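Undergrad: Experimental coordinates follow, after the sequence.
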Amino acid sequence: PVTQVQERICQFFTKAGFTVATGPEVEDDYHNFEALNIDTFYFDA
Amino acid sequence: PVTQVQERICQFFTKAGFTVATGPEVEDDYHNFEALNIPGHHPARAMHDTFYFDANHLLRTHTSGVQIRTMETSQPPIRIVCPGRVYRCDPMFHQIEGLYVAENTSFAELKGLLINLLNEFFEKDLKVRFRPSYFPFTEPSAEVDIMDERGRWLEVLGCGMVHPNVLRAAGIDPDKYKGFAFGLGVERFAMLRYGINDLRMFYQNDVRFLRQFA
Amino acid sequence: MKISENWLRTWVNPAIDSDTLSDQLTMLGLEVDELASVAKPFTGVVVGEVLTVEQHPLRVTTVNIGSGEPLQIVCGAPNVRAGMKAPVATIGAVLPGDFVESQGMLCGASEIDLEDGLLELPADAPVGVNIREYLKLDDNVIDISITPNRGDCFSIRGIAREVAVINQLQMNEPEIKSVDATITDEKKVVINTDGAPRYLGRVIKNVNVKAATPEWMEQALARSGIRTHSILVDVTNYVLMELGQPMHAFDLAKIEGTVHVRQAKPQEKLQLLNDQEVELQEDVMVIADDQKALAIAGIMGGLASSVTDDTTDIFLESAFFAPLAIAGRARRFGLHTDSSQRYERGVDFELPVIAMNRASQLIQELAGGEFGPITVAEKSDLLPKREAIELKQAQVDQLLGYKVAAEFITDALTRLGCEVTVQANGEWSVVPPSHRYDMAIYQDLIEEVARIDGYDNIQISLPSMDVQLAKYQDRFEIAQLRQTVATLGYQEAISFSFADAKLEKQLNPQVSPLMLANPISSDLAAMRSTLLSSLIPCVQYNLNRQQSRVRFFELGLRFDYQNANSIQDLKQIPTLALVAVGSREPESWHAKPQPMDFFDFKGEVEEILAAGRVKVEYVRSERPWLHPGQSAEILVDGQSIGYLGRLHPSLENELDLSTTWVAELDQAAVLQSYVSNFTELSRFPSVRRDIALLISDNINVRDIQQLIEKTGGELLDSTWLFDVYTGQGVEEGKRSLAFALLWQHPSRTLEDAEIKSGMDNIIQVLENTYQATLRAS
Amino acid sequence: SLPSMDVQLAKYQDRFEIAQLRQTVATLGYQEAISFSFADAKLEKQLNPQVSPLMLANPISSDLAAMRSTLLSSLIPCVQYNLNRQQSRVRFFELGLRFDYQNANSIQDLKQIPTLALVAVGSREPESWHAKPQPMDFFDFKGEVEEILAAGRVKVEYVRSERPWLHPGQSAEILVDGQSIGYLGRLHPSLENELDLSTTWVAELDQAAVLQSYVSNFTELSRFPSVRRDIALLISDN
Ligand SMILES: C1=C(CCNCc2ccccc2)CCCC1
Ligand SMILES: [Mg+2]
């Protein structure tokens, strides 16, 4: 179900010039917090 | 392969604002001629190479009826591409005809959109040539070539800026709205893309030929 | 249109190569389809003068090529020799299909790519000069392709104006000298119609109709595709190709009374110059007198008024005919003449007087006669209006997307023959010339600017739009249907929308096929009432090429014309078809190849319907092209959306096919929109129960299932048949069915009292409804 | 108001789209599952006893503490969820990020590979009157994996896999140009009994290998009939 909802929300934008962008789910502190003017599953520091 | 090339050309416009439109293949005379700034007995008729049944009912020579009905019911902005099979006495082939009508467009925007359409379809850095030609529904009208084969110029699509009478006949003010259009034969693109030389194989449907595109 | 390049360069010589000259025309909207020399290249050969012959019937002769000793050539040419000036190959091998010791052959009229064998030259025999230079064989023939909007470019005068504008030259228009009137025996011309607002007629007496044909006029017409006939028709054909105004000469001794240009009488008879007799209508213009009719106005003359070898007096016509009064009339009688096509696209209406002077001066030079005054029948204010066209510099900027210099805009329009006056400041008033029939609105003028300035100078830009999320409802997409059917093992076919009427009647003998009025062949004449009429030939195509297994699917249109009283009652509905011949799976080591049964094919169609959330019910189909026992009609809400089943074995054998499986479905029902609603799931286990039936053979399993699910109640979750037995212990006419019954309660565990109460209720209903014996495992 | 932008046709090469992959796997009878990216470290050790999984620093529970090195460590609990609720036949597929962390000296050496998982227990097709329900064999499962690969124009050679959680005699390694892109085969029967799973069929495939681009090239077709010949070899089974 969330896949169908996901593909419905995205098709509104993909058909209108937007493009889908994916990436890794294990992130660093810069791309997830520091670059955004700033209970989280962490691994190291 | 014809449907694959058809989907490849449409997806460029589909995910860029255009909506795919379709319509009937057996048309009448107004939506196929009189609404395209053709007075009637004009030399742009050629009743020989157009399949017909009565005198006001014929097979499509181009997917113009869908673009006509879209302009008569809907109001600009209009951004559609019209694929589908058409017929002529030579006999069945597909061609995609786009239509764009907004508050303002120009010949400069038509040339750019067509150039990166040809560049991104064939996935090459093509040398394109714009020649002037005539179509009753466009002014200025053009025909685009690409340097295919060995330095040869091969026609791939015709285009032009929608004639004011075509917009005015459908209920669109030609002073408040501008528009362009184009039309490319799908079998032309499919042969240049896949290296096919006899388009009779497209409809003989030899399973060995179809399997080559799998 | 074909024109000799040398003839064109007498009007304007841009001092560039012949390749660039055609590329200029092609880039100006006049695409050159071919530029080749008049004759193919060969080695330097010279037309020689024969000196003597030596009899011996072949024939040995001596030819003088104007160099040294006369050569000895033996040939069997039966033409006039021994003193003739004929072509002859000195030595070599250069002919397109060819190559006193015999040294060469007296060259023939043919085999030179431009053509009695061994035609001698007329006179003026050159001594040693190459024949390609004497006959101008190295000239080029440019094959122009003119669109119907450039009616002026159908002549040398029209092409030369284009080459002169792109090269910024001025045309060398040959100064025409008028012929003064010596006699006064003119005719009367009356215009009864409005399609001829300018008619010019001149009478010329005592003309030599049987002798002239100069070499320069013969080649100029031949290289344009026009052969020679008489002399007056050659003169009128030359002035047609030179200036663009067609003309025709009549036999004055066969015109009785006043010359009338009128509309033809209803079914008025007339025999044309091609010996063809046509009955006209009140729609086609005609050139008539006070009794009969002489010629179809501007298309073709009549056989009566034609200038024959017994003609002495001649009446020359040079009129302008309106294009809207000629278009279509020529094709109506199966005619496509040089005069008809030029009149349809538009002839310069200021040319009759100019073309009259040209043909007259040409006639007086090549023939004799007393020229009378030119009778001018002109209805002004009916001529083509060339009103001024407003044109702003802001219009060309917005319509082209880039800015062209105002100097170029005024200059480009002026060279094309426009009277542009700079009104006020920055705005123009452009008056189109008399020969241009494609200038009316300001869009026509801006295209002229882009034509002359250059289509390669169109700057690149992109259109802008507002990104707005369009409406979209969840549905079975067409791209997702192709993927599902392809996973089931079917290849996409695209068959013609028209098929053979014989196969269309073989499938359904009570069909009312929509047939073409001009079919391309007998097998492509009727629009397909079913996709099978066009897919079966493709299936047979592969079978005739060693293909045991072929599985097709097509997403096209069928044309339902049954019970239709008119053509607008036609229903063009999009359908999905399936055709399968051979084994279900390709040949492998798992099983010997065997064709599908009804349940192999039903399992595939069920999944296609299941892929689109389509709930269906199956009933027996009545299609004539189907096996009556193994055919199914697919019903949604009681109405049929398609069918599936085996092809009729008699029809299956008439087409030389194996076990074929066909199916068709309406795309509107398969590619449907859907919405799913969440229902709660129970936390409590289910209870499985079995039911074994012994029921009559003619009771459908679905009817039993929906009766069990009905009398079962809310507690019954699902039912599904899991076994069918028809072997030992079953009386012939019955069968053993085994149903599985899944019981579920939403909020608690099911008690054994409820289930047995439900099972006893179900077995009691099935025992009384169908007279069946049951069990409860 | 509404934002404005230029109509620019973006670069696109013909490929096997993710949506067309779902439609194929769903046509083959698999339901899309979405399980947690972290699973139990003990089940991760049962599948591969030589695994070094990436462990969370503050997991909410012990069964959600190890980033899945394979999608089986999270799909198997979902299969056991249904099997324990009177479900004889459950078929799953997921897309599908696994976390390769073995032979890594630092967390920056972690590999996050989007994969396509397949888990099937029970009969191939649902219970009907055509035959008694029986679970699939290796070639039923390979016939489904071969079609998913063929749907992306992927040319593949098969070789025996040596993964610990697999039946060594009925498990393939899927190689393209010599390098592996995944596996297919049944679970090791010992693991089936430890997990109470009857007979399961598992497979994993890199999405980059399945959702690959392709290009078709036309070749001429002979116009004269072919010849069919048969050869019957008696060769050793090895
Ligand atoms: C255009 C059309 C005509 C249909 N054909 C498209 C085409 C356009 C230009 C050149 C070649 C082909 C429908 C109404 C609006 C303007
Ligand atoms: Mg024009």
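TA: Alright, I've got the coordinates. Numbering: from 1, shown residues only, chains lettered A, B, ... in the order given. Ligands and ions are numbered 1, 2, ... in the order given.

Undergrad: In the stretch 1-150 of chain C, which residue sits closest to ligand 1?
TA: With CB to the nearest ligand atom as the measure, the residue in the stretch 1-150 of chain C that lies nearest ligand 1 is residue C:147; the distance is 12.4 Å. Where C-beta positions appear, they are placed from N, C-alpha and C, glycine not excepted.

Undergrad: Identify the residues contacting that residue.
TA: With contact taken as CB atoms under 8 Å, 6 or more residues apart in numbering or on different chains, residue C:147 is in contact with B:133-134, C:29.

Undergrad: Tell me how far it lies from residue B:170.
TA: From residue C:147 over to residue B:170 the distance is 24 Å, taken as CB to CB, to the nearest Å.

Undergrad: One more: residue C:608?
TA: In this structure, residue C:608 and residue B:170 are 39 Å apart, going by CB to CB.

Undergrad: who's more crowded, these two?
TA: Ranked by neighbour count (other CB atoms under 10 Å in any protein chain shown), residue C:608 and residue B:170 place residue C:608 first, with 24 against 20.

Undergrad: my guess is that one is in a helix, correct?
TA: Yes - per DSSP: H, G, I helix; E, B strand; the rest coil, residue C:608 lies within a helix segment.

Undergrad: Just give me the residue closest to the centre of the chain.
TA: Reading this off chain A. Within chain A, the residue whose C-alpha comes closest to the C-alpha centroid is residue A:22; the distance, by CA atoms, centre = their mean, is 6.6 Å.

Undergrad: my question was about chain C
TA: In chain C, the residue lying closest to the centroid (CA atoms, centre = their mean) is residue C:520, at 12.3 Å.

Undergrad: surely it meets residue B:92?
TA: No - in this structure residue C:520 lies outside contact range of residue B:92 using CB atoms under 8 Å: 9.7 Å.

Undergrad: Can you list the residue ranges for helices in chain A?
TA: For chain A, applying DSSP state H gives helices covering A:2-14, A:29-32.

Undergrad: touching chain B at all, the longest one?
TA: In this case it means helix A:2-14. Yes - with CB under 8 Å from any CB of the partner chain as the threshold, helix A:2-14 lies in contact with chain B, specifically through residue A:14.

Undergrad: Contacts (any at all) between chain C and that helix?
TA: Yes - under the criterion of CB under 8 Å from any CB, helix A:2-14 makes contact with chain C via A:4, A:8, A:11-13.

Undergrad: which other residues reach whichever strand or helix holds residue C:397?
TA: Following DSSP states H and E, the helix or strand that holds residue C:397 is helix C:393-400. With contact meaning CB under 8 Å, 6+ apart, helix C:393-400 is reached by B:104, B:106-108, B:140, B:161, B:178, C:403-404, C:406, C:409, C:426-428, C:442-443, C:445-446, C:449-450, C:458.

Undergrad: Please apply the same query to stretch C:172-191.
TA: For stretch C:172-191, the surrounding residues in contact (CB under 8 Å, 6+ apart) are C:10-13, C:157, C:197, C:199, C:201-203, C:205, C:252, C:255, C:258-261, C:315, C:354, C:357-358, C:360-361, C:364, C:370-375, C:377, C:379.

Undergrad: chain center to it: distance?
TA: 44 Å (CA atoms, centre = their mean, to the nearest Å).

Undergrad: now stretch C:291-305
TA: Stretch C:291-305 has its C-alpha centroid displaced from the chain centroid by 33 Å (CA atoms, centre = their mean).

Undergrad: ok, now stretch C:494-510?
TA: When distances are taken as CA atoms, centre = their mean, stretch C:494-510 is centred 24 Å away from the chain's centroid.

Undergrad: close to chain B, is it?
TA: Yes - using CB under 8 Å from any CB, a contact is recorded between stretch C:494-510 and chain B, made by C:494-498.

Undergrad: Considering those residues, which possesses the most neighbours?
TA: Using other CB under 10 Å as the neighbour test, these are led by residue C:498, with 28 neighbours.

Undergrad: Let me know how buried the nearest residue in space to that one that is not next to it in sequence is, in neighbour terms.
TA: Nearest-residue entry for residue C:498: residue C:524, 4.8 Å, with adjacent residues in sequence omitted and distances by CB to CB, 6 or more residues apart in numbering or on different chains. When neighbours are counted by other CB under 10 Å, residue C:524 registers 19.

Undergrad: quick check, residue C:524 in a strand?
TA: No - the secondary structure assignment for residue C:524 gives coil rather than a strand, going by three-state DSSP.

Undergrad: Look up how far ligand 1 lies from it.
TA: Counting by CB to the nearest ligand atom, to the nearest Å, the gap from residue C:524 to ligand 1 is 25 Å.

Undergrad: For stretch C:345-356, give me every contacting residue.
TA: Counting contacts by CB under 8 Å, 6+ apart, the residues outside stretch C:345-356 that touch it are B:43, C:146, C:148-152, C:154, C:176, C:197-200, C:202, C:239, C:243-247, C:316, C:318-321, C:323, C:374, C:376, C:383-384, C:434-435, C:437-438.

Undergrad: Go through these and flag which are in helices.
TA: C:239, C:243.

Undergrad: List buried residues within the contacts of stretch C:345-356.
TA: Buried subset of the contacts of stretch C:345-356 (neighbour count, 16 or more other CB atoms under 10 Å in any protein chain shown): B:43, C:146, C:148-152, C:154, C:176, C:197-200, C:202, C:239, C:243-247, C:316, C:318-321, C:323, C:374, C:384, C:434-435, C:437-438.
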